[PDB]
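Engineer: Next comes the structure file query_21.pdb, holding PDB, C-alpha atoms (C1' of nucleotides).
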```pdb
ATOM      1  CA  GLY A   1     236.221 149.430-140.891  1.00  0.00           C
ATOM      2  CA  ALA A   2     236.404 145.616-140.723  1.00  0.00           C
ATOM      3  CA  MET A   3     235.963 143.482-143.869  1.00  0.00           C
ATOM      4  CA  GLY A   4     238.185 140.395-143.384  1.00  0.00           C
ATOM      5  CA  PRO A   5     238.741 138.153-140.173  1.00  0.00           C
ATOM      6  CA  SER A   6     241.421 139.358-137.716  1.00  0.00           C
ATOM      7  CA  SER A   7     242.977 137.075-134.964  1.00  0.00           C
ATOM      8  CA  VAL A   8     241.391 133.612-134.378  1.00  0.00           C
ATOM      9  CA  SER A   9     244.118 131.423-132.616  1.00  0.00           C
ATOM     10  CA  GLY A  10     243.361 127.732-131.910  1.00  0.00           C
ATOM     11  CA  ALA A  11     245.388 124.988-130.185  1.00  0.00           C
ATOM     12  CA  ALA A  12     249.165 125.281-129.638  1.00  0.00           C
ATOM     13  CA  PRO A  13     251.172 121.902-130.262  1.00  0.00           C
ATOM     14  CA  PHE A  14     254.109 123.553-128.372  1.00  0.00           C
ATOM     15  CA  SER A  15     252.424 124.010-124.956  1.00  0.00           C
ATOM     16  CA  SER A  16     249.342 122.130-123.668  1.00  0.00           C
ATOM     17  CA  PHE A  17     247.895 122.062-120.121  1.00  0.00           C
ATOM     18  CA  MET A  18     244.708 120.315-118.908  1.00  0.00           C
ATOM     19  CA  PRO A  19     242.320 122.766-116.930  1.00  0.00           C
ATOM     20  CA  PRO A  20     240.467 121.125-113.800  1.00  0.00           C
ATOM     21  CA  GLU A  21     236.633 121.354-113.370  1.00  0.00           C
ATOM     22  CA  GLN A  22     236.158 123.401-110.137  1.00  0.00           C
ATOM     23  CA  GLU A  23     238.587 125.963-108.463  1.00  0.00           C
ATOM     24  CA  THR A  24     242.220 124.888-108.043  1.00  0.00           C
ATOM     25  CA  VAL A  25     245.280 125.178-105.811  1.00  0.00           C
ATOM     26  CA  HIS A  26     248.720 124.004-106.942  1.00  0.00           C
ATOM     27  CA  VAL A  27     250.910 122.684-104.166  1.00  0.00           C
ATOM     28  CA  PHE A  28     254.637 122.400-104.550  1.00  0.00           C
ATOM     29  CA  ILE A  29     256.039 119.537-102.608  1.00  0.00           C
ATOM     30  CA  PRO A  30     259.613 117.912-102.994  1.00  0.00           C
ATOM     31  CA  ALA A  31     260.440 115.852-106.113  1.00  0.00           C
ATOM     32  CA  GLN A  32     261.864 113.652-103.315  1.00  0.00           C
ATOM     33  CA  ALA A  33     258.187 113.477-102.155  1.00  0.00           C
ATOM     34  CA  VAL A  34     256.422 112.454-105.435  1.00  0.00           C
ATOM     35  CA  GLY A  35     257.896 108.979-104.964  1.00  0.00           C
ATOM     36  CA  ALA A  36     256.314 109.464-101.497  1.00  0.00           C
ATOM     37  CA  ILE A  37     252.891 110.684-102.699  1.00  0.00           C
ATOM     38  CA  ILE A  38     252.507 108.597-105.960  1.00  0.00           C
ATOM     39  CA  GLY A  39     254.752 105.909-104.328  1.00  0.00           C
ATOM     40  CA  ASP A  40     252.169 103.593-102.577  1.00  0.00           C
ATOM     41  CA  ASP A  41     251.470 101.472-105.787  1.00  0.00           C
ATOM     42  CA  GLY A  42     250.361 104.879-107.315  1.00  0.00           C
ATOM     43  CA  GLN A  43     247.255 104.619-105.071  1.00  0.00           C
ATOM     44  CA  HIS A  44     247.876 107.385-102.391  1.00  0.00           C
ATOM     45  CA  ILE A  45     246.929 110.129-104.926  1.00  0.00           C
ATOM     46  CA  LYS A  46     243.868 107.989-106.009  1.00  0.00           C
ATOM     47  CA  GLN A  47     243.374 107.826-102.201  1.00  0.00           C
ATOM     48  CA  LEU A  48     243.570 111.660-101.539  1.00  0.00           C
ATOM     49  CA  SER A  49     241.044 112.309-104.352  1.00  0.00           C
ATOM     50  CA  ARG A  50     238.447 109.968-102.703  1.00  0.00           C
ATOM     51  CA  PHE A  51     239.606 110.721 -99.117  1.00  0.00           C
ATOM     52  CA  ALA A  52     239.920 114.556 -99.283  1.00  0.00           C
ATOM     53  CA  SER A  53     236.690 114.817-101.522  1.00  0.00           C
ATOM     54  CA  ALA A  54     239.012 116.668-103.915  1.00  0.00           C
ATOM     55  CA  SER A  55     240.475 116.145-107.428  1.00  0.00           C
ATOM     56  CA  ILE A  56     244.230 115.452-107.214  1.00  0.00           C
ATOM     57  CA  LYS A  57     246.698 115.297-110.177  1.00  0.00           C
ATOM     58  CA  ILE A  58     250.549 115.217-110.182  1.00  0.00           C
ATOM     59  CA  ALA A  59     252.252 117.674-112.501  1.00  0.00           C
ATOM     60  CA  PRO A  60     255.556 117.276-114.589  1.00  0.00           C
ATOM     61  CA  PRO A  61     259.031 119.064-113.734  1.00  0.00           C
ATOM     62  CA  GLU A  62     258.871 122.892-113.452  1.00  0.00           C
ATOM     63  CA  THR A  63     262.564 123.342-114.371  1.00  0.00           C
ATOM     64  CA  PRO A  64     266.107 121.632-113.642  1.00  0.00           C
ATOM     65  CA  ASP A  65     266.331 124.361-110.968  1.00  0.00           C
ATOM     66  CA  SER A  66     263.124 123.182-109.244  1.00  0.00           C
ATOM     67  CA  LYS A  67     263.628 120.098-107.028  1.00  0.00           C
ATOM     68  CA  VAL A  68     259.816 120.057-106.456  1.00  0.00           C
ATOM     69  CA  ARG A  69     256.758 118.810-108.351  1.00  0.00           C
ATOM     70  CA  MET A  70     253.348 120.424-108.427  1.00  0.00           C
ATOM     71  CA  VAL A  71     250.185 118.728-107.052  1.00  0.00           C
ATOM     72  CA  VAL A  72     246.822 119.647-108.576  1.00  0.00           C
ATOM     73  CA  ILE A  73     244.468 120.227-105.616  1.00  0.00           C
ATOM     74  CA  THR A  74     241.035 120.977-107.055  1.00  0.00           C
ATOM     75  CA  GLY A  75     237.778 121.083-105.161  1.00  0.00           C
ATOM     76  CA  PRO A  76     235.612 123.139-102.538  1.00  0.00           C
ATOM     77  CA  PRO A  77     237.089 125.003 -99.348  1.00  0.00           C
ATOM     78  CA  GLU A  78     236.439 121.709 -97.400  1.00  0.00           C
ATOM     79  CA  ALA A  79     238.033 119.292 -99.918  1.00  0.00           C
ATOM     80  CA  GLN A  80     240.994 121.733-100.531  1.00  0.00           C
ATOM     81  CA  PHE A  81     241.910 121.808 -96.779  1.00  0.00           C
ATOM     82  CA  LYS A  82     241.502 117.962 -96.504  1.00  0.00           C
ATOM     83  CA  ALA A  83     243.989 117.121 -99.324  1.00  0.00           C
ATOM     84  CA  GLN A  84     246.764 119.747 -98.551  1.00  0.00           C
ATOM     85  CA  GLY A  85     246.629 118.563 -94.855  1.00  0.00           C
ATOM     86  CA  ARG A  86     247.949 115.194 -96.106  1.00  0.00           C
ATOM     87  CA  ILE A  87     250.773 116.584 -98.296  1.00  0.00           C
ATOM     88  CA  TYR A  88     251.872 118.691 -95.276  1.00  0.00           C
ATOM     89  CA  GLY A  89     251.180 115.506 -93.236  1.00  0.00           C
ATOM     90  CA  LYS A  90     253.565 113.387 -95.358  1.00  0.00           C
ATOM     91  CA  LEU A  91     256.524 115.845 -95.182  1.00  0.00           C
ATOM     92  CA  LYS A  92     255.588 115.996 -91.498  1.00  0.00           C
ATOM     93  CA  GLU A  93     256.153 112.220 -91.236  1.00  0.00           C
ATOM     94  CA  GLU A  94     259.323 111.981 -93.453  1.00  0.00           C
ATOM     95  CA  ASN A  95     260.773 115.543 -93.157  1.00  0.00           C
ATOM     96  CA  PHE A  96     261.846 115.548 -96.905  1.00  0.00           C
ATOM     97  CA  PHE A  97     262.160 119.399 -96.770  1.00  0.00           C
ATOM     98  CA  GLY A  98     265.006 119.897 -94.281  1.00  0.00           C
ATOM     99  CA  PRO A  99     265.451 117.527 -91.143  1.00  0.00           C
ATOM    100  CA  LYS A 100     266.161 120.421 -88.795  1.00  0.00           C
ATOM    101  CA  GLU A 101     262.945 122.322 -89.587  1.00  0.00           C
ATOM    102  CA  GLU A 102     259.237 121.669 -90.081  1.00  0.00           C
ATOM    103  CA  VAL A 103     256.967 121.590 -93.228  1.00  0.00           C
ATOM    104  CA  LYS A 104     257.336 124.614 -95.549  1.00  0.00           C
ATOM    105  CA  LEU A 105     255.781 123.942 -98.910  1.00  0.00           C
ATOM    106  CA  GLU A 106     255.347 126.303-101.868  1.00  0.00           C
ATOM    107  CA  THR A 107     251.815 127.272-103.117  1.00  0.00           C
ATOM    108  CA  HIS A 108     251.089 128.468-106.679  1.00  0.00           C
ATOM    109  CA  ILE A 109     247.757 130.233-107.211  1.00  0.00           C
ATOM    110  CA  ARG A 110     246.760 132.230-110.314  1.00  0.00           C
ATOM    111  CA  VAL A 111     245.828 135.787-109.597  1.00  0.00           C
ATOM    112  CA  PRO A 112     245.260 138.892-111.952  1.00  0.00           C
ATOM    113  CA  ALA A 113     248.446 140.382-113.414  1.00  0.00           C
ATOM    114  CA  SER A 114     247.748 143.994-112.203  1.00  0.00           C
ATOM    115  CA  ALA A 115     246.547 142.537-108.858  1.00  0.00           C
ATOM    116  CA  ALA A 116     249.945 140.951-107.937  1.00  0.00           C
ATOM    117  CA  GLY A 117     250.630 144.057-105.781  1.00  0.00           C
ATOM    118  CA  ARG A 118     247.259 143.422-103.991  1.00  0.00           C
ATOM    119  CA  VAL A 119     248.480 140.028-102.686  1.00  0.00           C
ATOM    120  CA  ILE A 120     251.713 141.721-101.472  1.00  0.00           C
ATOM    121  CA  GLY A 121     249.664 144.790-100.271  1.00  0.00           C
ATOM    122  CA  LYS A 122     251.155 148.234 -99.323  1.00  0.00           C
ATOM    123  CA  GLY A 123     254.703 147.874-100.822  1.00  0.00           C
ATOM    124  CA  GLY A 124     255.423 144.759 -98.752  1.00  0.00           C
ATOM    125  CA  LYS A 125     253.151 144.773 -95.665  1.00  0.00           C
ATOM    126  CA  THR A 126     251.149 141.609 -96.666  1.00  0.00           C
ATOM    127  CA  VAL A 127     254.521 139.782 -97.365  1.00  0.00           C
ATOM    128  CA  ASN A 128     255.961 141.231 -94.053  1.00  0.00           C
ATOM    129  CA  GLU A 129     252.861 140.361 -91.942  1.00  0.00           C
ATOM    130  CA  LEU A 130     252.575 136.841 -93.520  1.00  0.00           C
ATOM    131  CA  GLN A 131     256.380 136.037 -93.250  1.00  0.00           C
ATOM    132  CA  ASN A 132     256.853 137.230 -89.598  1.00  0.00           C
ATOM    133  CA  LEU A 133     253.441 136.597 -87.949  1.00  0.00           C
ATOM    134  CA  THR A 134     252.233 133.703 -90.175  1.00  0.00           C
ATOM    135  CA  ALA A 135     255.669 132.181 -91.399  1.00  0.00           C
ATOM    136  CA  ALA A 136     253.874 131.729 -94.791  1.00  0.00           C
ATOM    137  CA  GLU A 137     255.635 134.093 -97.269  1.00  0.00           C
ATOM    138  CA  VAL A 138     254.156 135.696-100.412  1.00  0.00           C
ATOM    139  CA  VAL A 139     256.300 135.617-103.575  1.00  0.00           C
ATOM    140  CA  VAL A 140     255.619 137.137-107.086  1.00  0.00           C
ATOM    141  CA  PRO A 141     258.468 136.311-109.798  1.00  0.00           C
ATOM    142  CA  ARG A 142     260.571 139.025-111.539  1.00  0.00           C
ATOM    143  CA  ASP A 143     260.528 137.960-115.244  1.00  0.00           C
ATOM    144  CA  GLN A 144     256.753 137.450-114.816  1.00  0.00           C
ATOM    145  CA  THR A 145     254.557 137.580-117.919  1.00  0.00           C
ATOM    146  CA  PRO A 146     250.688 137.047-117.359  1.00  0.00           C
ATOM    147  CA  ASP A 147     248.779 133.958-118.406  1.00  0.00           C
ATOM    148  CA  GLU A 148     245.649 133.605-120.720  1.00  0.00           C
ATOM    149  CA  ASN A 149     243.245 134.891-118.085  1.00  0.00           C
ATOM    150  CA  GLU A 150     245.662 137.933-117.554  1.00  0.00           C
ATOM    151  CA  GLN A 151     247.027 136.173-114.465  1.00  0.00           C
ATOM    152  CA  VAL A 152     250.214 135.727-112.668  1.00  0.00           C
ATOM    153  CA  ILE A 153     251.269 133.318-109.922  1.00  0.00           C
ATOM    154  CA  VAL A 154     252.224 133.856-106.311  1.00  0.00           C
ATOM    155  CA  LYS A 155     254.291 131.453-104.262  1.00  0.00           C
ATOM    156  CA  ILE A 156     253.675 131.039-100.514  1.00  0.00           C
ATOM    157  CA  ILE A 157     256.136 129.064 -98.377  1.00  0.00           C
ATOM    158  CA  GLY A 158     254.705 128.075 -95.014  1.00  0.00           C
ATOM    159  CA  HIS A 159     253.080 125.231 -93.052  1.00  0.00           C
ATOM    160  CA  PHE A 160     249.497 123.788 -93.698  1.00  0.00           C
ATOM    161  CA  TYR A 161     247.909 126.299 -91.232  1.00  0.00           C
ATOM    162  CA  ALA A 162     250.257 129.175 -92.321  1.00  0.00           C
ATOM    163  CA  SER A 163     249.658 128.814 -96.142  1.00  0.00           C
ATOM    164  CA  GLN A 164     245.957 128.425 -94.983  1.00  0.00           C
ATOM    165  CA  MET A 165     245.664 132.020 -93.490  1.00  0.00           C
ATOM    166  CA  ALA A 166     248.002 133.369 -96.256  1.00  0.00           C
ATOM    167  CA  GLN A 167     246.078 131.774 -99.253  1.00  0.00           C
ATOM    168  CA  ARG A 168     242.761 133.076 -97.798  1.00  0.00           C
ATOM    169  CA  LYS A 169     244.025 136.681 -97.075  1.00  0.00           C
ATOM    170  CA  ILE A 170     245.182 136.669-100.751  1.00  0.00           C
ATOM    171  CA  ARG A 171     241.875 135.458-102.384  1.00  0.00           C
ATOM    172  CA  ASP A 172     240.039 138.030-100.132  1.00  0.00           C
ATOM    173  CA  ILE A 173     242.221 141.107-101.172  1.00  0.00           C
ATOM    174  CA  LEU A 174     241.946 139.755-104.764  1.00  0.00           C
ATOM    175  CA  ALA A 175     238.166 139.707-104.225  1.00  0.00           C
ATOM    176  CA  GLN A 176     238.230 143.293-102.844  1.00  0.00           C
ATOM    177  CA  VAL A 177     240.114 144.239-106.059  1.00  0.00           C
ATOM    178  CA  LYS A 178     237.504 142.439-108.208  1.00  0.00           C
ATOM    179  CA  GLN A 179     234.979 144.525-106.109  1.00  0.00           C
ATOM    180  CA  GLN A 180     236.716 147.848-107.098  1.00  0.00           C
ATOM    181  CA  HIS A 181     237.079 146.581-110.750  1.00  0.00           C
ATOM    182  CA  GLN A 182     233.326 145.755-111.237  1.00  0.00           C
ATOM    183  CA  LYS A 183     231.997 148.417-108.795  1.00  0.00           C
ATOM    184  CA  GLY A 184     233.119 152.000-109.504  1.00  0.00           C
ATOM    185  CA  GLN A 185     230.105 154.355-109.450  1.00  0.00           C
ATOM    186  CA  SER A 186     228.649 154.882-105.941  1.00  0.00           C
ATOM    187  CA  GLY A 187     226.450 157.704-104.589  1.00  0.00           C
ATOM    188  CA  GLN A 188     226.471 160.904-106.683  1.00  0.00           C
ATOM    189  CA  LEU A 189     230.174 162.136-106.840  1.00  0.00           C
ATOM    190  CA  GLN A 190     230.729 165.757-108.008  1.00  0.00           C
ATOM    191  CA  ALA A 191     233.509 167.108-110.277  1.00  0.00           C
TER     192      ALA A 191
ATOM    193  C1'   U B   1     242.455 150.362-101.430  1.00  0.00           C
ATOM    194  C1'   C B   2     245.924 148.221-103.198  1.00  0.00           C
ATOM    195  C1'   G B   3     251.113 148.895-106.642  1.00  0.00           C
ATOM    196  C1'   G B   4     256.092 144.929-107.043  1.00  0.00           C
ATOM    197  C1'   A B   5     257.813 142.294-102.145  1.00  0.00           C
ATOM    198  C1'   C B   6     262.333 138.655-102.529  1.00  0.00           C
ATOM    199  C1'   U B   7     269.555 140.124-102.099  1.00  0.00           C
TER     200        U B   7
END
```
Using structure tokens, write down the structure that the file contains.
Structural biologist:
Amino acid sequence: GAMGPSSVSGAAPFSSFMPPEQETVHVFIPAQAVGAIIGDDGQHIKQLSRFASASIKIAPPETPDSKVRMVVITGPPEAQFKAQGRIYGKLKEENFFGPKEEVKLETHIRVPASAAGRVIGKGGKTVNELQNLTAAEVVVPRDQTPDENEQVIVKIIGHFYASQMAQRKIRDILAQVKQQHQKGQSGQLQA
RNA sequence: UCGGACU
């Protein structure tokens, strides 16, 4: 029986992150490409937000290990495709990634912690089909604790069109999981 | 339908 208040939790002065309005993708481009993207008087990002109909932020350093920086691509399926096309377009013009190859940028999208095997599929068939046929590769970290929403990240490395078919096959399987999570009882079912 | 890919 409850008598006194148990667990409240407010704001943490240790870690603070601003949540966007609509749905969000987080696109990992080179830290040698932020000077590219923010570079034009700091007006190319203020450009992509008006231009791509989307809501673009730049994010701080991930880690010393990460030579990228994360771009906040918020907005509809139309405005999301319009903005990322530019960030893939800019590495396409400069080839910041690796002169010998073509654009292969990392995508972070929050997905449910016990649904991280849904995005990878049957053992590694969604990672195998995406890597080989799509060149966009699904990644889910080892020392991975979930977020607030009980959500973990997955990291695709592909082109604009490759991360396109990969990101969408992910949010669909993750939908079909959300279908099996909400919907359970169907028909009559005998014991 | 779906379970941990990555050396």
Engineer: Do me a favour and pick out the residues of chain A within 12 Å of chain B, using only C-alpha atoms (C1' of nucleotides), as a VMD selection string.
Structural biologist: chain A and resid 113 to 131 137 to 144 154 to 156 170 173 to 181
Engineer: Written as a PyMOL selection string, which residues does the PyMOL selection byres ((chain A and resi 69) around 8) give for the file shown?
Structural biologist: chain A and resi 28-31+34+58-62+66-68+70-71
Engineer: Measuring between all atoms listed in the file, which one of A:190, A:24, A:32, A:134 shows the shortest distance to residue A:84?
Structural biologist: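 Counting all atoms listed in the file, the residue closest to residue A:84 is A:24.
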Engineer: For atom CA of residue A:165 and atom CA of residue A:112, quote the distance in Å rounded to one decimal.
Structural biologist: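 Between atom CA of residue A:165 and atom CA of residue A:112 the gap is 19.7 Å.
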Engineer: Set up a box along x, y and z of the file covering all listed atoms of stretch 19-35 of chain A, add 3 Å on every one of the six sides, and write the centre and edge lengths in Å to one decimal, as AutoDock Vina command-line options.
Structural biologist:
```
--center_x 249.0 --center_y 117.5 --center_z -109.5 --size_x 31.7 --size_y 23.0 --size_z 20.8
```
Engineer: What does the distance from atom CA of residue A:74 to atom CA of residue A:55 come to in Å, to one decimal?
Structural biologist: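 These atoms are spaced 4.9 Å apart.
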Engineer: Could you please determine the separation between atom CA of residue A:99 and atom CA of residue A:52 in Å, to one decimal place?
Structural biologist: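 Between atom CA of residue A:99 and atom CA of residue A:52 the gap is 27.0 Å.
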Engineer: For the file shown, report as a PyMOL selection string the outcome of the PyMOL selection byres ((chain A and resi 104-110) around 7) at residue level.
Structural biologist: chain A and resi 25-29+102-103+111+151-159
Engineer: Restricted to C-alpha atoms, what would the selected residues look like written as a PDB file, keeping the file's coordinate frame?
Structural biologist:
```pdb
ATOM      1  CA  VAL A  25     245.280 125.178-105.811  1.00  0.00           C
ATOM      2  CA  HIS A  26     248.720 124.004-106.942  1.00  0.00           C
ATOM      3  CA  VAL A  27     250.910 122.684-104.166  1.00  0.00           C
ATOM      4  CA  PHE A  28     254.637 122.400-104.550  1.00  0.00           C
ATOM      5  CA  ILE A  29     256.039 119.537-102.608  1.00  0.00           C
ATOM      6  CA  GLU A 102     259.237 121.669 -90.081  1.00  0.00           C
ATOM      7  CA  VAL A 103     256.967 121.590 -93.228  1.00  0.00           C
ATOM      8  CA  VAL A 111     245.828 135.787-109.597  1.00  0.00           C
ATOM      9  CA  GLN A 151     247.027 136.173-114.465  1.00  0.00           C
ATOM     10  CA  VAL A 152     250.214 135.727-112.668  1.00  0.00           C
ATOM     11  CA  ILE A 153     251.269 133.318-109.922  1.00  0.00           C
ATOM     12  CA  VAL A 154     252.224 133.856-106.311  1.00  0.00           C
ATOM     13  CA  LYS A 155     254.291 131.453-104.262  1.00  0.00           C
ATOM     14  CA  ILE A 156     253.675 131.039-100.514  1.00  0.00           C
ATOM     15  CA  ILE A 157     256.136 129.064 -98.377  1.00  0.00           C
ATOM     16  CA  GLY A 158     254.705 128.075 -95.014  1.00  0.00           C
ATOM     17  CA  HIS A 159     253.080 125.231 -93.052  1.00  0.00           C
TER      18      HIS A 159
END
```
